Structures are given as structure tokens and as C-alpha cells.
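Engineer: Please read through the structure below; I'll follow up with questions.
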Amino acid sequence: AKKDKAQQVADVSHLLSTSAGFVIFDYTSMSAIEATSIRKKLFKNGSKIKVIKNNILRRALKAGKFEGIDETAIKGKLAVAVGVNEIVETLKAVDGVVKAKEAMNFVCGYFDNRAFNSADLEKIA
Amino acid sequence: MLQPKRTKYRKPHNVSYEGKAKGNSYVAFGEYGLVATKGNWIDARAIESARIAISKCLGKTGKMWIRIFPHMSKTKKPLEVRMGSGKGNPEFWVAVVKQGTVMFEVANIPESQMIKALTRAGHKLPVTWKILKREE
Amino acid sequence: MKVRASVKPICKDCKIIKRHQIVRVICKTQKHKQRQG
Amino acid sequence: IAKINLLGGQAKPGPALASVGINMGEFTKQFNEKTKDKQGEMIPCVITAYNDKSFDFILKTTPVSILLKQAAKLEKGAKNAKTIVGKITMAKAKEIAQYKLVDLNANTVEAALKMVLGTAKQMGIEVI
RNA sequence: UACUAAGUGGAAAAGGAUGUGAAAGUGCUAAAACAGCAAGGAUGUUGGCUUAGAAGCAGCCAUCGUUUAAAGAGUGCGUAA
Ligand SMILES: [Mg+2]
Ligand SMILES: [Mg+2]
Ligand SMILES: [Mg+2]
Ligand SMILES: [Zn+2]
């Protein structure tokens, strides 16, 4: 209901407030076996892949007093890859896997109170 | 074939099925029931067809009750016989179903099987049937 | 095509339509075409 | 991609492979080379069947619930779920879990613990 | 002032139907509804008896659990399986 939605938006906003790194991905053509493989290869509590609602992510972003991420969350399929402490190794790991995949897109994310572009994601690894 | 073991009188006057519902009007043993919407004479043969249908479409733990019983008999003069020379001999037993009498009831199995079971029982009977539930 | 006084879907794919003021049942399986509903 | 059932000690036959173009005679030595540590046990193999021709294969553990029978000291489990015959403690369950951790896609070891209970419930063995 | 689209009116039953109008409730929805489209749609494993064989889809012993957004001892087709 509305109360559950309010609780959900509050806790994800808190999680993204206390976090340090974020990157957005799509869910096009990768297997669930592969999904479990990514979970085990990360194996770090700081690194977390999650399916978030597009609407809930924008509203939690609004509550996070950040800006510029709107272009990422518009008419697109969104993943969240939150990283605590070190985020470069998580980005390196996910980049190696998408190279191991068949096809994949990659949308701009958010880290260190700054935003990046697609090519900036290519070099952030 | 439900049949009374003995009767005091072999040839009674027929019992009318026109009127409202005297007894057997509300589900009181199960909780789903097959109500009638048209009074008619239905014989023990139709009961056995309907009862066998319910039992075949029942499960391993469902339980059923048959309310109506063919108390009254009916006669039929032999073919090619001119009128007179007394009443005919009893041929078949019929239960008197009035508009509003619950004939069959079922319980102790999920709702869909019970709805289906009552449907197949009512397609075996001439009266226009309807599903009803038991008051809490 | 099967002509019956009563027509009902046989599978979950059977779909009831009303064509030329007659109700029929069409489906992927041609054994299940019904008419005269 | 083909999940084929091949004996560890006898894997040279199998005509199905020849339909895809796999070099059967060269790869028989690869099939037999890395299964000598588990001789006698039946071991299926997953094959990344493709036109690359460099078919990478992965072995696989014998199927579960036979070590449950071995640990329960009974040949065949009960024919009724309600009827309880075999009893298995946590130590035998954990040995089975660490053995079968290789084929399982679970992240943690307690997840593997309660897999043994789950298949033991299917076998009817009480978890004590 | 409404209704019918059947020449019903201007003859008929058991039964069947997204014909249409009225009413009374209940679920979701611009924190996105339903349909469709684009993706995934899992692991132990193909569980085990059982069956020549079944191991996602023969009867069973039942009708498992994790990862996870989701996934069913599967939805069918289908494969000796
Ligand atoms: Mg007329
Ligand atoms: Mg209708
Ligand atoms: Mg209406
Ligand atoms: Zn059909």
C-alpha cells in the first residue's frame, strides 16, 4: 500500500545517502545462472546489484538532493550497482563481465558527488 | 435405487408439486446446496444418476447428503388398454420436489470442485437448479 | 467444424466470437471449431 | 549446449556428439583424463556445443539423495512421507553440504545445510 | 421519457453466448493500471523410487528448498526418455 511504498522510498533514499558509488545497467539478455555468477564473483557486502523501480529510483534521487541523473532514468531499463568504500574494483568486475557477455548497454551512474558520461564509465574502470 | 421397504397403500393419490417450499429449504448439513426453481416429479432413477455423478466427480475426502427421498409411488396402465377396470399397478417411485427445496448438498472439498459437482448433479435432473451457500 | 446446440471453449486457447449474428468458437486446433451456439 | 550422461570410466561411445561436429576421437582423451580421481562413479558432463570447435567441457557431481541413503543406513526411503524411518544428524548433513557445495549455486554454507534438509524431507528422513 | 436492432413484436423448452441498458459493492492505477511489444524466466538435478526410460511436463515419495526482480519438481507442445 501507500505506507509500504513510503517505507521503501525512505530506506532506499537513506541507503543512497550513506553510500559512495552508483552505476546503472540494463537487464537485456543475460541468464539467471549468469546473475547468480555475478553475485558470487562480487562476494562483497559493499557491492550490491539490485532491480529497482524506475519511479522509485527517481523519487529517492529527488529526496537525495542530487541532480543531473534524470537523463539516465528516462525511457530506459535501469539497474542499480551500489558500492561501499571501494567502487573501482566493482566497476572493473562488471566491465569484464559485460565484455564476457554477448551484448550489453551501459548508462551513466553517480559517484563521489559527481556524475559521469558513457565514455567516462569506460575509463572509470 | 432408493425405494421404501414397505408401504401401507400400494396406490396412493399423486402429491402436487405446485407451491412454495415445505421443509428442506435451507442448507443445514453441508454448506453448498443445489436449490430447485421449478417444482417437478423426479424419480429414484434420476437420484441415482445424480448421486453417482456426484460420487464420481467427488474426491477421496468429500462428503455428501441427499435430502429428498422418493416416498410416493406412481402407477402406469399397461399399453393398448382401454380406460376402466381399475387403477394401474405401481411402476416407479418419485420424490416430490417443490420450488425451493435443496436436493443435494456437499462439503469438505474446495469450492471449485463442489461447484462443478453440483453442476453435474443438476444437469441430470429436470428441475432448473441453482447454487446456494449456508448462512454463517 | 462441429455444429452443436451449446458451444463452450475446449482448451484455454479457444476464443468465442460472434460473426454474422452467430456465435462460433475459433482456435489454433481445427478440431475445435464450433458453431450454432 | 548439451548435458550428456557419460560414465567416468567409460565415455568413448556416444553418436550424438558426432551430429554437432565435435572431434570425438581427439576429445575422448580429454574426457577420460580428468575423471580418474573419481573412477567408478557416474559423472555427467556439460558441453558448450558450438561451431567454435574448441568445445570446453565441465564435469558434474553424482546426483543428490544417494548419500542421504548411505548416511541413513537404509537402501530405499519410506514410501509414505508421514512414515519416518531414517534419522540424520547435523554432522552428516554438513559433510554432505561441503561435498555438494561444488555443484550448488548458493552463496553461503547454511543455504547448503538446509538443502540437505529439503531433500531429506523428500526422502522422509527426520532432521535431528 | 426511456428500451429493442431481433421484423423481436408476430408461438415454444433443457442448454449455450464479450448483444445491449440500469443498479448495488469490491481491486489497481498519472508512486503508472490492463492488453500488446522488448528482455530475462535460475541452481542443486536430470532430487529419488518407479518405469526398458521419464530426470521441469508416465504413476509416484511427495508435491522440496536457496540465489534472486523472477522463476513452477513447471505452461503446454514435444523428446523412447
Ligand atoms: Mg415471429
Ligand atoms: Mg451473454
Ligand atoms: Mg446485462
Ligand atoms: Zn482449442
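In the C-alpha cells, chains take the letters A, B, ... in the order shown, each chain's residues start at 1, and ligands count up from 1 in the order shown.
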What are the residues of chain A that have an atom within 10 Å of an atom of chain E, counting only C-alpha atoms (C1' of nucleotides), as JSON, numbers by chain?
Structural biologist: {"A": [2, 5, 6, 9, 26, 27, 28, 29, 30, 31, 32, 33, 34, 35, 36, 37, 39, 40, 50, 51, 52, 53, 55, 56, 59, 77]}
Engineer: Give me, as a tab-separated table (two decimals) with N, CA and C atoms, in the first residue's frame, all polymer residues having an atom no more than 12 Å from residue B:36, counting only C-alpha atoms (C1' of nucleotides) and skipping those fewer than 4 positions away in the same chain.
Structural biologist:
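around_13.tsv was written with the following content:
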```tsv
chain	number	residue	atom	x	y	z
B	17	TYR	N	-46.80	-30.89	-6.86
B	17	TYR	CA	-45.53	-30.20	-6.71
B	17	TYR	C	-45.68	-28.69	-6.90
B	20	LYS	N	-44.93	-23.39	-2.78
B	20	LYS	CA	-43.64	-22.89	-2.34
B	20	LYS	C	-42.82	-24.04	-1.77
B	21	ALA	N	-42.04	-23.81	-0.72
B	21	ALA	CA	-41.14	-24.83	-0.20
B	21	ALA	C	-41.50	-25.19	1.23
B	24	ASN	N	-36.76	-28.63	3.92
B	24	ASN	CA	-35.62	-28.80	3.02
B	24	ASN	C	-35.37	-27.54	2.20
B	25	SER	N	-35.55	-26.39	2.84
B	25	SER	CA	-35.47	-25.10	2.16
B	25	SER	C	-34.11	-24.44	2.28
B	26	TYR	N	-33.33	-24.78	3.30
B	26	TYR	CA	-32.06	-24.14	3.57
B	26	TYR	C	-31.00	-25.19	3.84
B	40	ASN	N	-41.27	-30.27	-9.80
B	40	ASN	CA	-41.47	-31.36	-10.75
B	40	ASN	C	-41.34	-32.68	-10.02
B	41	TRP	N	-41.83	-33.74	-10.67
B	41	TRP	CA	-41.67	-35.10	-10.19
B	41	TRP	C	-40.39	-35.69	-10.77
B	42	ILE	N	-39.46	-36.06	-9.89
B	42	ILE	CA	-38.22	-36.69	-10.29
B	42	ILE	C	-38.12	-38.03	-9.57
B	68	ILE	N	-33.85	-35.06	-0.47
B	68	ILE	CA	-35.11	-35.60	-0.97
B	68	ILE	C	-35.06	-37.12	-1.03
B	96	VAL	N	-41.13	-35.81	-4.45
B	96	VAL	CA	-41.84	-34.58	-4.77
B	96	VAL	C	-40.91	-33.42	-4.44
B	97	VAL	N	-40.48	-32.70	-5.48
B	97	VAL	CA	-39.60	-31.54	-5.35
B	97	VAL	C	-40.41	-30.30	-5.66
B	98	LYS	N	-40.51	-29.41	-4.68
B	98	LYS	CA	-41.19	-28.13	-4.84
B	98	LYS	C	-40.18	-27.03	-5.13
B	99	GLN	N	-40.68	-25.89	-5.57
B	99	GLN	CA	-39.82	-24.75	-5.88
B	99	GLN	C	-39.18	-24.25	-4.59
B	100	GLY	N	-37.89	-24.50	-4.42
B	100	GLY	CA	-37.16	-24.02	-3.26
B	100	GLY	C	-36.57	-25.10	-2.37
B	101	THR	N	-36.73	-26.38	-2.71
B	101	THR	CA	-36.21	-27.47	-1.89
B	101	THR	C	-34.77	-27.78	-2.30
B	102	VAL	N	-33.89	-27.87	-1.30
B	102	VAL	CA	-32.49	-28.22	-1.54
B	102	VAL	C	-32.39	-29.74	-1.68
B	103	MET	N	-31.96	-30.19	-2.86
B	103	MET	CA	-31.94	-31.62	-3.14
B	103	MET	C	-30.63	-32.26	-2.68
B	104	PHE	N	-29.50	-31.73	-3.13
B	104	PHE	CA	-28.19	-32.24	-2.78
B	104	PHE	C	-27.36	-31.15	-2.12
B	118	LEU	N	-22.00	-29.98	-8.06
B	118	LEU	CA	-23.42	-29.63	-8.07
B	118	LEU	C	-23.93	-29.37	-9.48
B	121	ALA	N	-24.63	-32.72	-11.08
B	121	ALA	CA	-25.81	-33.30	-10.47
B	121	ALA	C	-27.08	-32.66	-11.00
B	122	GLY	N	-27.06	-31.35	-11.22
B	122	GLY	CA	-28.25	-30.65	-11.69
B	122	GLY	C	-28.54	-30.83	-13.16
B	123	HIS	N	-27.52	-31.13	-13.96
B	123	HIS	CA	-27.75	-31.44	-15.37
B	123	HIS	C	-28.43	-32.80	-15.55
B	125	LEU	N	-30.98	-33.70	-13.61
B	125	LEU	CA	-32.32	-33.51	-13.09
B	125	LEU	C	-33.13	-32.57	-13.98
B	126	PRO	N	-34.45	-32.78	-14.07
B	126	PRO	CA	-35.25	-31.90	-14.94
B	126	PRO	C	-35.45	-30.51	-14.37
B	127	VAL	N	-35.51	-30.37	-13.05
B	127	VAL	CA	-35.76	-29.07	-12.45
B	127	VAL	C	-34.63	-28.10	-12.79
B	128	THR	N	-34.96	-26.81	-12.79
B	128	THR	CA	-33.97	-25.76	-13.03
B	128	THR	C	-33.25	-25.48	-11.72
B	129	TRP	N	-31.97	-25.81	-11.66
B	129	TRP	CA	-31.23	-25.79	-10.41
B	129	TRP	C	-30.52	-24.46	-10.21
B	130	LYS	N	-30.04	-24.25	-8.98
B	130	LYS	CA	-29.31	-23.05	-8.62
B	130	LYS	C	-28.42	-23.38	-7.42
B	131	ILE	N	-27.27	-22.73	-7.36
B	131	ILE	CA	-26.31	-22.96	-6.28
B	131	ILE	C	-26.59	-21.99	-5.15
B	132	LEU	N	-26.56	-22.49	-3.92
B	132	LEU	CA	-26.72	-21.66	-2.73
B	132	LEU	C	-25.71	-22.09	-1.68
```
Engineer: For chain E, report every residue with an atom at most 12 Å from chain B (counting only C-alpha atoms (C1' of nucleotides)), formatted as a list in words.
Structural biologist: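 The contacting residues on chain E are residues 13, 14 and 15 of chain E.
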Engineer: If you keep N, CA, C and O atoms (P, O5', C5', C4', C3', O3' and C1' of nucleotides), can you produce a file of those selected residues as a PDB file, in the first residue's frame?
Structural biologist:
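Generated file (out_36.pdb):
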```
ATOM      1  P     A E  13     -38.859 -21.209 -24.642  1.00  0.00           P
ATOM      2  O5'   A E  13     -38.170 -22.121 -23.534  1.00  0.00           O
ATOM      3  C5'   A E  13     -38.931 -22.640 -22.454  1.00  0.00           C
ATOM      4  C4'   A E  13     -38.740 -24.128 -22.308  1.00  0.00           C
ATOM      5  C3'   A E  13     -37.317 -24.600 -22.070  1.00  0.00           C
ATOM      6  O3'   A E  13     -36.923 -24.485 -20.716  1.00  0.00           O
ATOM      7  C1'   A E  13     -38.332 -25.938 -23.741  1.00  0.00           C
ATOM      8  P     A E  14     -35.612 -23.649 -20.316  1.00  0.00           P
ATOM      9  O5'   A E  14     -34.552 -24.773 -19.935  1.00  0.00           O
ATOM     10  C5'   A E  14     -34.888 -25.809 -19.026  1.00  0.00           C
ATOM     11  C4'   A E  14     -34.083 -27.054 -19.295  1.00  0.00           C
ATOM     12  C3'   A E  14     -32.589 -26.848 -19.486  1.00  0.00           C
ATOM     13  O3'   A E  14     -31.884 -26.782 -18.259  1.00  0.00           O
ATOM     14  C1'   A E  14     -33.429 -28.205 -21.233  1.00  0.00           C
ATOM     15  P     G E  15     -31.087 -25.446 -17.857  1.00  0.00           P
ATOM     16  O5'   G E  15     -29.866 -25.394 -18.877  1.00  0.00           O
ATOM     17  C5'   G E  15     -29.012 -26.513 -19.055  1.00  0.00           C
ATOM     18  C4'   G E  15     -28.350 -26.493 -20.409  1.00  0.00           C
ATOM     19  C3'   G E  15     -27.488 -25.279 -20.711  1.00  0.00           C
ATOM     20  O3'   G E  15     -26.201 -25.347 -20.126  1.00  0.00           O
ATOM     21  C1'   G E  15     -28.893 -25.716 -22.553  1.00  0.00           C
TER      22        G E  15
END
```
Engineer: With the cut-off set at 12 Å and counting only C-alpha atoms and all ligand atoms, tabulate each residue of chain C with an atom at most that distance from an atom of ligand 2, showing the nearest atom pair and its distance in Å to one decimal, ordered by chain and increasing number, as a Markdown table.
Structural biologist:
```
| residue | atom | partner | partner_atom_place_in_ligand_line | distance |
| --- | --- | --- | --- | --- |
| C:16 | CA | ligand 2 | 1 (Mg) | 11.2 |
| C:17 | CA | ligand 2 | 1 (Mg) | 11.6 |
| C:18 | CA | ligand 2 | 1 (Mg) | 11.0 |
| C:23 | CA | ligand 2 | 1 (Mg) | 10.5 |
| C:37 | CA | ligand 2 | 1 (Mg) | 11.4 |
```
Engineer: Suppose we keep N, CA, C and O atoms; can you now write the selection as a PDB file, in the first residue's frame?
Structural biologist:
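Once everything was written out, this is out15.pdb:
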```
ATOM      1  N   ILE C  16     -14.266 -17.338 -28.105  1.00  0.00           N
ATOM      2  CA  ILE C  16     -15.621 -17.167 -28.612  1.00  0.00           C
ATOM      3  C   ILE C  16     -15.724 -15.837 -29.342  1.00  0.00           C
ATOM      4  O   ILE C  16     -15.300 -14.796 -28.827  1.00  0.00           O
ATOM      5  N   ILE C  17     -16.295 -15.870 -30.545  1.00  0.00           N
ATOM      6  CA  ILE C  17     -16.602 -14.671 -31.311  1.00  0.00           C
ATOM      7  C   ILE C  17     -18.049 -14.762 -31.784  1.00  0.00           C
ATOM      8  O   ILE C  17     -18.679 -15.818 -31.730  1.00  0.00           O
ATOM      9  N   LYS C  18     -18.575 -13.629 -32.240  1.00  0.00           N
ATOM     10  CA  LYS C  18     -19.917 -13.559 -32.810  1.00  0.00           C
ATOM     11  C   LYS C  18     -19.807 -12.984 -34.215  1.00  0.00           C
ATOM     12  O   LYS C  18     -19.581 -11.782 -34.384  1.00  0.00           O
ATOM     13  N   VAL C  23     -22.785 -17.158 -32.953  1.00  0.00           N
ATOM     14  CA  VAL C  23     -21.639 -17.314 -32.066  1.00  0.00           C
ATOM     15  C   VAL C  23     -20.886 -18.583 -32.443  1.00  0.00           C
ATOM     16  O   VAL C  23     -21.477 -19.665 -32.538  1.00  0.00           O
ATOM     17  N   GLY C  37     -24.135 -21.901 -31.812  1.00  0.00           N
ATOM     18  CA  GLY C  37     -24.218 -21.720 -30.376  1.00  0.00           C
ATOM     19  C   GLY C  37     -25.560 -21.197 -29.904  1.00  0.00           C
ATOM     20  O   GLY C  37     -26.400 -21.957 -29.428  1.00  0.00           O
TER      21      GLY C  37
END
```
Engineer: 9 Å from ligand 1 is the threshold here; counting only C-alpha atoms (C1' of nucleotides) and all ligand atoms, which polymer residues fall inside it? Answer as a PyMOL selection string.
Structural biologist: chain E and resi 7-11
Engineer: Just to be explicit: take each residue in the selection above, keep N, CA and C atoms (P, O5', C5', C4', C3', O3' and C1' of nucleotides), and write the result as a PDB file, in the first residue's frame.
Structural biologist:
```
ATOM      1  P     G E   7     -34.182 -10.619 -38.257  1.00  0.00           P
ATOM      2  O5'   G E   7     -35.743 -10.419 -38.495  1.00  0.00           O
ATOM      3  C5'   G E   7     -36.311  -9.114 -38.527  1.00  0.00           C
ATOM      4  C4'   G E   7     -37.496  -8.989 -37.603  1.00  0.00           C
ATOM      5  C3'   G E   7     -38.667  -9.914 -37.918  1.00  0.00           C
ATOM      6  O3'   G E   7     -39.353 -10.216 -36.705  1.00  0.00           O
ATOM      7  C1'   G E   7     -39.368  -7.674 -38.124  1.00  0.00           C
ATOM      8  P     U E   8     -39.879 -11.704 -36.416  1.00  0.00           P
ATOM      9  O5'   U E   8     -39.704 -11.871 -34.842  1.00  0.00           O
ATOM     10  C5'   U E   8     -38.417 -12.023 -34.264  1.00  0.00           C
ATOM     11  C4'   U E   8     -38.347 -11.410 -32.887  1.00  0.00           C
ATOM     12  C3'   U E   8     -39.678 -11.137 -32.208  1.00  0.00           C
ATOM     13  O3'   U E   8     -40.231 -12.287 -31.594  1.00  0.00           O
ATOM     14  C1'   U E   8     -38.221  -9.274 -31.937  1.00  0.00           C
ATOM     15  P     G E   9     -41.763 -12.687 -31.863  1.00  0.00           P
ATOM     16  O5'   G E   9     -42.581 -11.350 -31.575  1.00  0.00           O
ATOM     17  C5'   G E   9     -42.684 -10.819 -30.261  1.00  0.00           C
ATOM     18  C4'   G E   9     -43.299  -9.440 -30.267  1.00  0.00           C
ATOM     19  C3'   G E   9     -44.694  -9.340 -30.865  1.00  0.00           C
ATOM     20  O3'   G E   9     -45.711  -9.668 -29.934  1.00  0.00           O
ATOM     21  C1'   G E   9     -43.318  -7.647 -31.781  1.00  0.00           C
ATOM     22  P     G E  10     -47.159 -10.148 -30.442  1.00  0.00           P
ATOM     23  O5'   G E  10     -46.854 -10.959 -31.779  1.00  0.00           O
ATOM     24  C5'   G E  10     -47.185 -12.341 -31.892  1.00  0.00           C
ATOM     25  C4'   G E  10     -46.757 -12.908 -33.223  1.00  0.00           C
ATOM     26  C3'   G E  10     -45.258 -13.157 -33.365  1.00  0.00           C
ATOM     27  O3'   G E  10     -45.031 -14.264 -34.240  1.00  0.00           O
ATOM     28  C1'   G E  10     -45.943 -11.541 -34.950  1.00  0.00           C
ATOM     29  P     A E  11     -45.256 -15.785 -33.751  1.00  0.00           P
ATOM     30  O5'   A E  11     -44.574 -15.870 -32.312  1.00  0.00           O
ATOM     31  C5'   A E  11     -45.353 -15.752 -31.128  1.00  0.00           C
ATOM     32  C4'   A E  11     -45.520 -17.068 -30.409  1.00  0.00           C
ATOM     33  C3'   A E  11     -44.251 -17.748 -29.927  1.00  0.00           C
ATOM     34  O3'   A E  11     -43.750 -17.183 -28.729  1.00  0.00           O
ATOM     35  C1'   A E  11     -45.667 -19.342 -30.952  1.00  0.00           C
TER      36        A E  11
END
```
Engineer: Residues of chain E that have any atom at most 6 Å from an atom of chain D: could you tabulate them with the shortest-distance atom pair and the distance in Å to one decimal, using only C-alpha atoms (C1' of nucleotides), ordered by chain and increasing number, as JSON lines?
Structural biologist:
```
{"residue": "E:43", "atom": "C1'", "partner": "D:105", "partner_atom": "CA", "distance": 5.0}
{"residue": "E:44", "atom": "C1'", "partner": "D:104", "partner_atom": "CA", "distance": 4.8}
{"residue": "E:61", "atom": "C1'", "partner": "D:79", "partner_atom": "CA", "distance": 5.4}
{"residue": "E:64", "atom": "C1'", "partner": "D:118", "partner_atom": "CA", "distance": 5.1}
{"residue": "E:65", "atom": "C1'", "partner": "D:118", "partner_atom": "CA", "distance": 5.2}
{"residue": "E:66", "atom": "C1'", "partner": "D:111", "partner_atom": "CA", "distance": 5.6}
{"residue": "E:67", "atom": "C1'", "partner": "D:106", "partner_atom": "CA", "distance": 5.8}
```
Engineer: Write the selection just made, keeping C-alpha atoms (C1' of nucleotides), as a PDB file, in the first residue's frame?
Structural biologist:
```
ATOM      1  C1'   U E  43      20.731 -23.509  -9.249  1.00  0.00           C
ATOM      2  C1'   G E  44      21.306 -28.195  -6.579  1.00  0.00           C
ATOM      3  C1'   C E  61       7.594 -40.423  -2.416  1.00  0.00           C
ATOM      4  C1'   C E  64      11.446 -29.512  -1.782  1.00  0.00           C
ATOM      5  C1'   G E  65      14.426 -25.669  -0.684  1.00  0.00           C
ATOM      6  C1'   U E  66      18.454 -21.444  -1.765  1.00  0.00           C
ATOM      7  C1'   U E  67      20.278 -17.157  -5.245  1.00  0.00           C
TER       8        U E  67
END
```
Engineer: Fewer than 5 positions away in the same chain doesn't count, so skip those; otherwise give me all residues within 12 Å of residue B:59, counting only C-alpha atoms (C1' of nucleotides), as a ChimeraX atom specification.
Structural biologist: /B:53-54,64,106-110,113-114,117
Engineer: Limited to N, CA, C and O atoms, could you put the picked residues into a file as a short mmCIF file (atom, residue, chain, number, x, y, z; two decimals), in the first residue's frame?
Structural biologist:
```cif
data_model
loop_
_atom_site.label_atom_id
_atom_site.label_comp_id
_atom_site.auth_asym_id
_atom_site.auth_seq_id
_atom_site.Cartn_x
_atom_site.Cartn_y
_atom_site.Cartn_z
N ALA B 53 -23.12 -39.43 -10.26
CA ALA B 53 -22.35 -38.34 -10.86
C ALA B 53 -21.56 -37.58 -9.80
O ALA B 53 -20.37 -37.31 -9.98
N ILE B 54 -22.21 -37.23 -8.68
CA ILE B 54 -21.51 -36.52 -7.61
C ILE B 54 -20.36 -37.35 -7.07
O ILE B 54 -19.25 -36.85 -6.87
N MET B 64 -21.18 -35.99 1.22
CA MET B 64 -22.41 -35.50 0.60
C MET B 64 -23.64 -35.99 1.35
O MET B 64 -23.61 -37.01 2.04
N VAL B 106 -23.12 -30.57 -0.52
CA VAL B 106 -21.76 -31.11 -0.50
C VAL B 106 -20.93 -30.27 0.46
O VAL B 106 -21.22 -29.09 0.71
N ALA B 107 -19.87 -30.88 1.01
CA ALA B 107 -18.93 -30.16 1.86
C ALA B 107 -17.62 -30.94 1.91
O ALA B 107 -17.52 -32.05 1.40
N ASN B 108 -16.61 -30.30 2.51
CA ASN B 108 -15.31 -30.92 2.80
C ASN B 108 -14.53 -31.25 1.52
O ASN B 108 -14.02 -32.36 1.35
N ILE B 109 -14.43 -30.26 0.64
CA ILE B 109 -13.54 -30.28 -0.52
C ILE B 109 -13.59 -28.86 -1.09
O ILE B 109 -14.58 -28.15 -0.84
N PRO B 110 -12.57 -28.39 -1.81
CA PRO B 110 -12.55 -26.96 -2.20
C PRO B 110 -13.76 -26.56 -3.03
O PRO B 110 -14.52 -27.38 -3.55
N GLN B 113 -14.42 -27.64 -6.99
CA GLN B 113 -14.90 -29.00 -7.20
C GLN B 113 -16.36 -29.14 -6.76
O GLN B 113 -17.15 -29.82 -7.42
N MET B 114 -16.72 -28.49 -5.66
CA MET B 114 -18.10 -28.52 -5.19
C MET B 114 -19.05 -27.83 -6.16
O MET B 114 -20.16 -28.31 -6.39
N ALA B 117 -19.33 -30.17 -9.02
CA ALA B 117 -20.08 -31.37 -8.65
C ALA B 117 -21.58 -31.11 -8.64
O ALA B 117 -22.37 -31.91 -9.15
#
```
Engineer: Ranking E:73, E:30, E:12, E:17 by minimum distance to residue C:24 and counting only C-alpha atoms (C1' of nucleotides), which one comes first?
Structural biologist: E:17
Engineer: What's around residue D:51 at 10 Å? Count only C-alpha atoms (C1' of nucleotides), leave out sequence neighbours fewer than 3 positions away in its own chain, and write the answer as a list in words.
Structural biologist: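 These residues fall inside the cut-off: residues 20, 21, 22, 48, 54 and 55 of chain D.
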Engineer: For ligand 4, list the contacting residues at 8 Å or closer, counting only C-alpha atoms (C1' of nucleotides) and all ligand atoms, as an MDAnalysis selection string.
Structural biologist: chainID C and resid 9:14 26:33
